[PDB]
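One structure below.
In the deposited numbering, the protein residues as written are 1 to 330.
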C-alpha cells in the first residue's frame, strides 16, 4: 500500500504545516501537525476541557463505530517549546492520503496548554519519530508509520515541505519526479528516539564550505533551524545590523535586509536554504525588526534541522531495519 497527502502552511510564515487525517467511522477529518520529532498521535476531542478549545475541530469517539477505549491508558507530553497536553486513549481507524491503519492509538486530549488553545488551525499532532518515545502508559503505543510499515510497498515516508506553499507527505514510495539530481542517504542513530544524523558542514551565502560534523535531528514539528552558537554567529555576522536579542529570545535583523543563503552538508552533497526562507518577519506587528530563522541550539541540548532546513529538500525517512535519512535538492 501507499498514501499521499498534501501538507499546508498554517500561516504566511510557514510556522507549521497541517495535513488532513481521517479518524473513525464515519470519518472525522482533523488537520494534524505531522511531527518527526515526537511519537504520539493526539487530538483535540470531545473530552478536551471546554475552555481550552478555541476553534479547533474535535474528535468525538462516541460518534465513531470503530472507536474503542484503550482501558487504563493515559498519556502526557511536553514539547521543546514548553507546550504540553495529556489525556486518555482510544484505538480507531486512521487514514492518511488513502493509507489506512486499523487499531491506531488515538490519544484524546483532556488538557492542552495555552499555545495549543491559541492556535485554532492545529487539531492535534501525528508523531513520526520512533515509537520508543511514545508516552502512553502503562502500555506504550506505536506510531502511525510503525503500524503501517509492514503493509507499505517500501518502509519509508517522505517529507516535501513547501516554502510559503503546500507540499506533500508520501508513505510507502519515493516520488522520483519530486526532486532534482540524486538522493544522498546518511546514517541515523535511533538511540534518543529521533531521526538523528550528522551533517558534514555548512556555508554562509557564497562563502567557502566549512567541513565540520553537526549532529542533529530531522524534525518537521520544529519551525526553525537550531544550530551551534558558532555556526549561527557566523551566519548573522553577514547581515548588517543583526544581533542576538535576549529580550526577544534570539537573533533579529533589520527587516530591510537581504538575507544570504545557508548551505548544509549531507555527506558530499549540499542543500541550499535560500535567504528568504530564513525571514520570519516582524517581531511584533509593524516592527522593523525581523525574527531570524536560524537560531542557536545552545541550551536546547540538541541541534534541530526544523522546517527552515527541511523545506529546502526532499527528505526520505527510511524505516528499513537499519533506518537512514535521504536528502535531495528540489
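From the three backbone atoms N, C-alpha and C, an ideal C-beta is built for every residue, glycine too.
What is the DSSP secondary structure of residue i, counted as helix, strand or coil?
i, result
"residue 211", "strand"
"residue 47", "coil"
"residue 53", "coil"
"residue 278", "helix"
"residue 163", "coil"
"residue 133", "helix"
"residue 9", "strand"
"residue 253", "strand"
"residue 68", "strand"
"residue 78", "strand"
"residue 323", "coil"
"residue 246", "coil"
Leaving out the 5 sequence neighbours to the left and right, which residues in its chain are closer than 6 Å to residue i when beta-carbon positions are compared?
i, result
"residue 223", "15, 306, 307"
"residue 28", "59"
"residue 98", "3"
"residue 329", "180, 181"
"residue 170", "4, 158"
Mind checking residue i: buried by the 16 CB within 10 Å criterion, or exposed?
i, result
"residue 139", "exposed"
"residue 254", "exposed"
"residue 72", "exposed"
"residue 118", "exposed"
"residue 153", "exposed"
"residue 300", "exposed"
"residue 9", "buried"
"residue 349", "The first residue shown for the chain is 1 and the last is 330, placing residue 349 beyond what the model contains."
"residue 312", "buried"
By Cβ distance, which residues of its chain are closer than 8 Å to residue i, with the 5 residues on each side in sequence left out?
i, result
"residue 240", "254, 257"
"residue 290", "252, 253, 254, 255, 257, 279, 280, 281, 282, 283"
For residue i, report the span of its alpha helix (DSSP H) as first-last.
i, result
"residue 84", "Premise fails: residue 84 lies in the beta strand (DSSP E), 84–96, not in any alpha helix (DSSP H)."
"residue 147", "144–148"
"residue 194", "Here residue 194 belongs to no alpha helix (DSSP H), and DSSP marks it neither H nor E."
"residue 235", "229–236"
"residue 308", "307–310"
"residue 329", "Counting along the chain, residue 329 falls outside any alpha helix (DSSP H), and DSSP gives it neither H nor E."
"residue 114", "114–117"
Leaving aside the five residues before and after residue i along the sequence, list all residues of the same chain whose C-beta is less than 7 Å from its C-beta, in chain order.
i, result
"residue 235", "204, 262, 294"
"residue 32", "18, 19, 21, 123, 124, 125, 126"
The beta strand (DSSP E) with residue i in it runs from where to where?
i, result
"residue 35", "28–35"
Three-pair Cβ contact test at 8 Å for the region 30–47 versus the region 100–120: yes
Would the region 81–95 and the region 111–126 be scored as touching if the rule is three or more Cβ pairs under 8 Å? yes
Check whether the region 50–68 touches the region 127–146, taking contact to mean three or more Cβ pairs, one atom from each stretch, closer than 8 Å. no
Answer yes if the region 19–30 comes into contact with the region 61–77, meaning at least three C-beta pairs across the two stretches below 8 Å, and no otherwise. yes
For the region 265–272 against the region 194–209, are there 3 or more C-beta pairs whose distance is under 8 Å? Because the criterion of three Cβ pairs below 8 Å is met, the region 265–272 and the region 194–209 touch.
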